[PDB]
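Student: I have a structure I would like to understand better, so I am pasting it below and will then ask my questions one at a time.
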Amino acid sequence: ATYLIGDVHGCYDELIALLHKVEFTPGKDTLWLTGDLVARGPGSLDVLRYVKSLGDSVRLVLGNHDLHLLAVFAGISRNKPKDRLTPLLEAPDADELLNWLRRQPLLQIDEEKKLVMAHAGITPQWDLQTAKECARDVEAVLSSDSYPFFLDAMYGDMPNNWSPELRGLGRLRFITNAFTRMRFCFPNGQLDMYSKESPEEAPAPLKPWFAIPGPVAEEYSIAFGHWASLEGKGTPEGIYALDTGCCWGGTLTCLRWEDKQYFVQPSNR
Ligand SMILES: [Mn+2]
Ligand SMILES: [Mn+2]
């Protein structure tokens, strides 16, 4: 069976309880995770240890909080007490866990399922070939010995409009924002980097990225997490918003792909 779970955010107990509910069995089953494995919840260390131990039984994409953790680890960004990352940062296997984390993908594709997953979704300005090339470019910088330089370069809100002509810092910044921060678009597909509200509460003319028809969404299903204020609701057919806000006091959601059956674990917070 194939299971897809939204943002875990250190909610180790809820993750394990949800996997027991579906009798997840590595070697018979595969787990997809939308990213944001860490921060806010109490168990980021246990979450990373477990997810790494799954090997080929898990398909992860990196989220914005995963990248922030890497930036803190690398001395690029300051640790926020609210993120509850110190046990992970001080763990004896921190290097092993975080060097594994920075090598994980930004994008997962299964052609037999016609299924695409990224943390925030796929911007309507990208076709599949472009999304794959952009994922490969940022994965390359994150997997390299010089990854702290990129992590520092990644911060920024512009450019917010994709072009194949983009180069350098702006190209990397856009790619990072599209895969890990995107929620709303202007009518032309350009990214808004400020509104984090639900679609009904957003100021005009902003619309959810998935409300603008794009080439990837026309041919593939897209699963994503990230957008907690969406509450996993209000999406079109073929769009699966899996982040139901577990670390916020909401729920952890698991979707089984074969029958599109949902399983939900209440937050312990
Ligand atoms: Mn999140
Ligand atoms: Mn996120």
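We name chains A, B, ... following the order of the structure tokens; residues begin at 1 in each chain, and ligands are numbered from 1 as shown.
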Write as a PyMOL selection string the residues around ligand 2, taking 6 Å as the cut-off and counting only C-alpha atoms and all ligand atoms.

Tutor: chain A and resi 36+63-64+226

Student: Neighbouring residues of ligand 1 are defined here as those with any atom at most 8 Å from a ligand atom, counting only C-alpha atoms and all ligand atoms; list them as number ranges by chain.

Tutor: A: 7-9, 35-36, 63-65, 225-228, 243, 245

Student: From the list A:177, A:124, A:236, A:161, which residue is nearest residue 213 of chain A when using only C-alpha atoms?

Tutor: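 The closest residue to residue 213 of chain A is A:124.
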
Student: DSSP on the backbone: what in segment 77-161 of chain A comes out strand (DSSP E), as a PyMOL selection string?

Tutor: chain A and resi 107-110+115-118

Student: Write the residues you've just listed into a file as a CSV table (one decimal), in the first residue's frame, and include C-alpha atoms for each of them.

Tutor:
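Generated output (out_13.csv):
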chain,number,residue,atom,x,y,z
A,107,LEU,CA,10.2,16.7,-5.6
A,108,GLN,CA,8.9,13.1,-5.9
A,109,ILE,CA,7.2,11.7,-9.0
A,110,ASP,CA,5.6,8.3,-9.5
A,115,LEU,CA,1.4,11.4,-8.8
A,116,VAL,CA,3.7,14.4,-8.0
A,117,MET,CA,4.5,15.6,-4.5
A,118,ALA,CA,6.3,18.7,-3.3

Student: Please provide the set of residues having any atom within 9 Å of segment 20-27 of chain A, restricted to only C-alpha atoms, with same-chain residues fewer than 4 positions apart removed, written as a ChimeraX atom specification.

Tutor: /A:1,3,15-16,31,54,56-58,254,256,263-265

Student: Apply DSSP to the structure's backbone, then extract all residues of segment 6-191 of chain A labelled alpha helix (DSSP H) and return them as an NGL selection string.

Tutor: :A and (12-21 or 44-53 or 64-73 or 86-89 or 94-101 or 128-143 or 147-154 or 168-180)

Student: Limited to C-alpha atoms, could you put the picked residues into a file as an mmCIF file, in the first residue's frame?

Tutor:
data_model
loop_
_atom_site.group_PDB
_atom_site.id
_atom_site.type_symbol
_atom_site.label_atom_id
_atom_site.label_comp_id
_atom_site.auth_asym_id
_atom_site.auth_seq_id
_atom_site.Cartn_x
_atom_site.Cartn_y
_atom_site.Cartn_z
ATOM 1 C CA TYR A 12 6.527 11.734 16.635
ATOM 2 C CA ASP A 13 3.890 10.141 18.852
ATOM 3 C CA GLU A 14 1.079 11.030 16.449
ATOM 4 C CA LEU A 15 3.074 9.818 13.448
ATOM 5 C CA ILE A 16 3.729 6.408 14.994
ATOM 6 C CA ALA A 17 0.125 6.083 16.183
ATOM 7 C CA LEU A 18 -1.167 6.891 12.686
ATOM 8 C CA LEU A 19 1.191 4.394 11.059
ATOM 9 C CA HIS A 20 0.033 1.720 13.534
ATOM 10 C CA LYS A 21 -3.595 2.513 12.649
ATOM 11 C CA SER A 44 11.997 16.363 15.930
ATOM 12 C CA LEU A 45 14.938 14.146 16.921
ATOM 13 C CA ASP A 46 12.867 10.952 17.034
ATOM 14 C CA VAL A 47 11.055 11.879 13.803
ATOM 15 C CA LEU A 48 14.301 12.328 11.889
ATOM 16 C CA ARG A 49 15.806 9.128 13.302
ATOM 17 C CA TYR A 50 12.748 7.096 12.342
ATOM 18 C CA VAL A 51 12.238 8.569 8.871
ATOM 19 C CA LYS A 52 15.916 8.081 8.001
ATOM 20 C CA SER A 53 15.700 4.465 9.193
ATOM 21 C CA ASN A 64 10.729 25.270 4.575
ATOM 22 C CA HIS A 65 11.261 24.265 8.216
ATOM 23 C CA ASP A 66 13.589 21.428 7.170
ATOM 24 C CA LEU A 67 15.691 23.970 5.272
ATOM 25 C CA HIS A 68 15.613 26.350 8.240
ATOM 26 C CA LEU A 69 16.922 23.563 10.488
ATOM 27 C CA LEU A 70 19.781 22.984 8.062
ATOM 28 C CA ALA A 71 20.543 26.727 8.123
ATOM 29 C CA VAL A 72 20.650 26.714 11.932
ATOM 30 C CA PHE A 73 22.896 23.637 11.939
ATOM 31 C CA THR A 86 17.844 21.928 20.630
ATOM 32 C CA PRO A 87 17.575 18.174 21.403
ATOM 33 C CA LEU A 88 18.096 17.403 17.708
ATOM 34 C CA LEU A 89 20.897 19.962 17.313
ATOM 35 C CA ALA A 94 23.075 15.303 14.593
ATOM 36 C CA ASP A 95 25.704 15.366 11.831
ATOM 37 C CA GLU A 96 24.570 11.977 10.485
ATOM 38 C CA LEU A 97 20.874 12.930 10.571
ATOM 39 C CA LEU A 98 21.295 16.361 9.003
ATOM 40 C CA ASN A 99 23.741 15.279 6.307
ATOM 41 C CA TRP A 100 21.107 12.720 5.356
ATOM 42 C CA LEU A 101 18.333 15.337 5.463
ATOM 43 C CA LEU A 128 6.972 18.975 -15.409
ATOM 44 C CA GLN A 129 10.348 19.166 -17.171
ATOM 45 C CA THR A 130 11.032 22.577 -15.622
ATOM 46 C CA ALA A 131 9.981 21.431 -12.145
ATOM 47 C CA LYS A 132 12.335 18.450 -12.463
ATOM 48 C CA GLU A 133 15.258 20.596 -13.625
ATOM 49 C CA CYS A 134 14.706 23.129 -10.828
ATOM 50 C CA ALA A 135 14.489 20.390 -8.201
ATOM 51 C CA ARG A 136 17.706 18.885 -9.544
ATOM 52 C CA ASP A 137 19.517 22.238 -9.369
ATOM 53 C CA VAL A 138 18.586 22.979 -5.767
ATOM 54 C CA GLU A 139 19.138 19.368 -4.665
ATOM 55 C CA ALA A 140 22.600 19.682 -6.196
ATOM 56 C CA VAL A 141 23.485 22.726 -4.095
ATOM 57 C CA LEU A 142 22.006 21.197 -0.919
ATOM 58 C CA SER A 143 23.914 17.921 -1.412
ATOM 59 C CA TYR A 147 25.587 23.977 1.038
ATOM 60 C CA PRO A 148 25.851 26.705 3.747
ATOM 61 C CA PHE A 149 26.497 29.271 0.990
ATOM 62 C CA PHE A 150 23.274 28.290 -0.772
ATOM 63 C CA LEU A 151 21.292 28.202 2.460
ATOM 64 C CA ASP A 152 22.391 31.787 3.040
ATOM 65 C CA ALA A 153 21.602 32.717 -0.563
ATOM 66 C CA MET A 154 18.124 31.123 -0.399
ATOM 67 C CA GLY A 168 22.060 32.916 -10.358
ATOM 68 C CA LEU A 169 20.802 33.895 -6.930
ATOM 69 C CA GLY A 170 17.369 34.944 -8.186
ATOM 70 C CA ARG A 171 16.808 31.644 -9.962
ATOM 71 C CA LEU A 172 17.671 29.664 -6.813
ATOM 72 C CA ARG A 173 15.588 31.935 -4.604
ATOM 73 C CA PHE A 174 12.532 31.544 -6.827
ATOM 74 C CA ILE A 175 12.932 27.758 -7.015
ATOM 75 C CA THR A 176 13.199 27.496 -3.230
ATOM 76 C CA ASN A 177 10.163 29.720 -2.676
ATOM 77 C CA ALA A 178 8.034 27.878 -5.262
ATOM 78 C CA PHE A 179 8.751 24.445 -3.788
ATOM 79 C CA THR A 180 8.697 25.304 -0.073
#

Student: Separation of atom CA of residue 187 of chain A and atom CA of residue 204 of chain A, in Å?

Tutor: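 That distance, rounded to one decimal, is 10.0 Å.
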
Student: Report, in Å with one decimal, the straight-line distance from atom CA of residue 239 of chain A to atom CA of residue 37 of chain A.

Tutor: 21.1 Å

Student: Measuring atom to atom with only C-alpha atoms, identify which of A:235, A:163, A:229, A:267 is nearest to residue 195 of chain A.

Tutor: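 Among the listed residues, A:229 lies closest to residue 195 of chain A.
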
Student: Check the smallest atom-to-atom distance from each of A:62, A:42, A:122, A:102 to residue 146 of chain A using only C-alpha atoms, then report the winner.

Tutor: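 Smallest separation from residue 146 of chain A among the options: A:102.
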
Student: Neighbours of residue 123 of chain A within 9 Å (only C-alpha atoms; same-chain residues fewer than 4 positions away dropped), as an MDAnalysis selection string?

Tutor: chainID A and resid 127 131 178:179 182 185 189:191 209:210 212 214 216

Student: Store the residues picked out above in a file with C-alpha atoms, as an mmCIF file, in the first residue's frame.

Tutor:
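As written to disk, result.cif reads:
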data_model
loop_
_atom_site.group_PDB
_atom_site.id
_atom_site.type_symbol
_atom_site.label_atom_id
_atom_site.label_comp_id
_atom_site.auth_asym_id
_atom_site.auth_seq_id
_atom_site.Cartn_x
_atom_site.Cartn_y
_atom_site.Cartn_z
ATOM 1 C CA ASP A 127 5.697 22.344 -16.610
ATOM 2 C CA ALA A 131 9.981 21.431 -12.145
ATOM 3 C CA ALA A 178 8.034 27.878 -5.262
ATOM 4 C CA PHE A 179 8.751 24.445 -3.788
ATOM 5 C CA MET A 182 4.165 29.047 -2.102
ATOM 6 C CA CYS A 185 -0.587 33.476 -6.832
ATOM 7 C CA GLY A 189 0.941 32.875 -11.764
ATOM 8 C CA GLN A 190 3.411 35.120 -9.941
ATOM 9 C CA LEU A 191 4.037 34.235 -6.294
ATOM 10 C CA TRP A 209 -1.743 28.269 -6.733
ATOM 11 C CA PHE A 210 -3.912 25.229 -7.444
ATOM 12 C CA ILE A 212 -4.723 28.517 -11.683
ATOM 13 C CA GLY A 214 -1.051 24.603 -14.900
ATOM 14 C CA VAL A 216 1.580 19.628 -14.281
#

Student: Which value, in Å to one decimal, gives the distance between atom CA of residue 11 of chain A and atom CA of residue 246 of chain A?

Tutor: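 Going from atom CA of residue 11 of chain A over to atom CA of residue 246 of chain A covers 7.2 Å.
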